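We give structure tokens for two forms of one protein chain below, kept apart as structure 1 and structure 2.
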Structure 1
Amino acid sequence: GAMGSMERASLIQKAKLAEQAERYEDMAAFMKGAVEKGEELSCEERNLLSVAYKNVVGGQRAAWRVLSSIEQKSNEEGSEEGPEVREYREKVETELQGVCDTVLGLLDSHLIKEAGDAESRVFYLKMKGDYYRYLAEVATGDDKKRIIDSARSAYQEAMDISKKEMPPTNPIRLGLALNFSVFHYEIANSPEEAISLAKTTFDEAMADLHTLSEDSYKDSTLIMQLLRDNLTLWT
């Protein structure tokens, strides 16, 4: 590994620096090296990892969607014919799949099996689900169903742990629920399940708000607002 000669703490520091500079590819490389040091990650470190790879793969997904729309247009009725569009969409798609495989390899070697506390275990299983979902977004062949089911399984195990070990307003539980609802709506062709999950999540969080101190849950009300945005869009 290119980072095997840098101190873990130095990798964390440089990941924060890269975050400040919005150099998310560097951030991802640094946090990958940190993970490969072999020690479990603190709450702050998991956040850095997730943020870095989320931004990298988000850019990749947006580019893939631009190119896929162009490709679809190029295969309509009356559209003038070469292979360039397909080739470049395949290039972006292959790079995207590489990043997703890298993150899943990190989770499987060996973040999840050493994750014993609810916070971290749910975090990692949500991330596994997220990246299998990103793989599902572009899958078209004999593996689509298995990729979708891997995403579902990871999300479901995370849900079972969060419901049992976390309060309804925990930001991790809320983000997991948001993304699992988006899985149901956009991947699993199950919009009614997506709506039901979003509504139940929002209602339970709403009912638990009264136990929280004010300045200590900005992210939770933020994510409840995202749940409400999705509900407004879908109904």
Structure 2
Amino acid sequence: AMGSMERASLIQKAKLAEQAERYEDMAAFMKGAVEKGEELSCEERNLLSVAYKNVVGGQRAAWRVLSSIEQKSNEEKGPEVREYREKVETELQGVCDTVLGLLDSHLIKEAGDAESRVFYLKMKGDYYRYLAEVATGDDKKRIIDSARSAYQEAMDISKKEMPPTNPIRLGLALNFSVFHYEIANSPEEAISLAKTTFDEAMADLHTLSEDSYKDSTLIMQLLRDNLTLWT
């Protein structure tokens, strides 16, 4: 009771933090709620993802800015940019480690419904991908293996259990194709996946309700624009 009341209050404060654009708070609230051991609803999964996407998103944006200035200073004087980029990088790795720990300890299960299973495995691939963006050597190669494994396991489930227009399936395919292009240096595989995903969803669009149609075509436009970008 004190435990369940504690969980519902943490969820409610996460929703309040979202409204206040207090995303670090929101992530802290949702982490607390996840450790209570109860499955997250569709809504609550989105709260978790919104919170951490905003937090890591700001770190990634900062890392790219600092990395770019660092590389410009290293082209053809002062340790400051390197020192500060390294700090942001370590902090980014720590947030990714936290999300990955939550996924493995509490959220990823063989038992769930397909949508939740794919959601969390996609998230696992995403946050290994963000680690890969900042890694460099054999570390990077091993992180890349880990992201591909998570993405591919999610892809297997989505192709077995969801229709080709399902928005979670489409978003997984979008991100796994970006992984191929930008991370794994496999541009032909990225184009193939994105084109196949778009084409197989296009063939089913006529079957969708108005709300489903809106959700699916939004992600399909992203697939189409990436294909335009890459071809």
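We call the rigid core whatever largest set of C-alpha positions still superposes within 1.5 Å between the two forms. Just so we're on the same page, residue numbers count up from 1 along structure 1's sequence.
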| item | value |
| --- | --- |
| Rigid core superposed: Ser216 CA moves 2 Å or more between structure 1 and structure 2 | yes |
| Core-fitted comparison between structure 1 and structure 2 - CA shift at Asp229, Å | 1.0 |
| Core-aligned Cα shift of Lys113 between structure 1 and structure 2, given in Å | 2.2 |
| Core-referenced Cα shift (Å), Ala198, between structure 1 and structure 2 | 0.5 |
